[PDB]
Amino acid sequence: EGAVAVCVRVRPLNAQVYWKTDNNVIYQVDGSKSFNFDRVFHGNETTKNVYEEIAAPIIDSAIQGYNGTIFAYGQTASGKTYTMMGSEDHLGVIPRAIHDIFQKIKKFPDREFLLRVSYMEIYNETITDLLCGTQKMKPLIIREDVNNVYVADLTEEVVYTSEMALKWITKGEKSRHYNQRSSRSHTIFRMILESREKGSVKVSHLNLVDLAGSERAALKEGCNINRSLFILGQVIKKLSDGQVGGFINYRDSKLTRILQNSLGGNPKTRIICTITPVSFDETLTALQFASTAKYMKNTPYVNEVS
């Protein structure tokens, strides 16, 4: 199978170091806690390495008509945005995916490709489109179609070049820029890839998700709670325990309902758990989440339509 995979990414130091990594084990220093993952990336490993090992195979699967979802999960300042968006000197998984897709579809001259992108924010259970004007930004509504959840009136932009796809991301990014909001917000970058022979059509949704900071993941109000992250935890816990169907409260948050198909459903899902080794409690919560997520079972197939 290998439909679900989890890795951890330790950020380098910018205070006791509470965590160290020995191969693919993250262990508490002079402590009892340890967690095995399929891959742990150390402070000196690059977003290029993370992209190539974790994301590249999902981009390959997307071009073959599999749904694919990549999440960055972890504490504020742990590396989520560094990993998923990055900068000119060190591109994130999202810009790398876009370059990668446009370079890789050229290896299929037998096939016609149509690509379009959407970019949305979820903040305090409100969905906003990041690609329309600031004027046109309003709370959007999750609806179902003839079969599948969608975000009603979410801009979809056709893109023929990486340059135009990256111009849409830049636009959305200055709109995300528009107090401590981006650390409490989820962002979903989506590419819908359609292809056919140059005639059934392969349709895949590639979702690349930068989550709200897990400090607010999790029974009183000593401090703050993000509903989407709490429900994400709950949904993944229920799936990993072997439950299915109406037991699974996808509808309790915008995030879990939008990405319901990424959590036990039709796609290939990867979680990149980002951690700062100078954090104890927030790192521990993130590694428990990540560890639970390893045992989530997805059933992905090629999406070919009439």
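We number the residues from 1 along the sequence you see.
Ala218-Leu219 interval: deposited residues absent from the model:
The entry has 4 to 9 unmodelled residues between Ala218 and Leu219.
Of 294-302 and 15-23, which one has the bigger average CA B-factor?
Comparing averages over the C-alpha atoms only gives 15-23.
Select between 228-236 and 104-112 the stretch whose C-alpha atoms have the higher average B-factor in the entry.
Comparing 228-236 with 104-112, the higher average CA B-factor belongs to 104-112.
Highest Cα B-factor in the deposition, which of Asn148, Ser204, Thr161, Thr83?
Checking the PDB record, the top C-alpha B-factor among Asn148, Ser204, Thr161, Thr83 is at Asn148.
If I read the C-alpha B-factors straight from the PDB entry, which of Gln243, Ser253, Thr269, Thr274 is highest?
Highest C-alpha B-factor among the listed options: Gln243.
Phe41 - Cα temperature factor, lowest/middle/highest third of chain
Its C-alpha B-factor, which the entry lists for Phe41, ranks in the middle third among residues of this chain.
Ranking the modelled residues of this chain by C-alpha B-factor as given in the entry, is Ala55 in the lowest, middle or highest third?
Tercile = lowest for this residue's CA B-factor.
Compared with the other modelled residues in the chain, in which third is the CA B-factor of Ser118?
For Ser118, whose C-alpha B-factor we compare with every modelled residue in the chain, the answer is the lowest third.
Place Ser175 in the lowest, middle or highest third of its chain's C-alpha B-factors, as listed in the PDB entry.
Its C-alpha B-factor belongs to the highest third of this chain's values.
Would you check the entry's CA temperature factor for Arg96 and let me know if it's in the chain's lowest, middle or highest third?
For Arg96, whose C-alpha B-factor we compare with every modelled residue in the chain, the answer is the lowest third.
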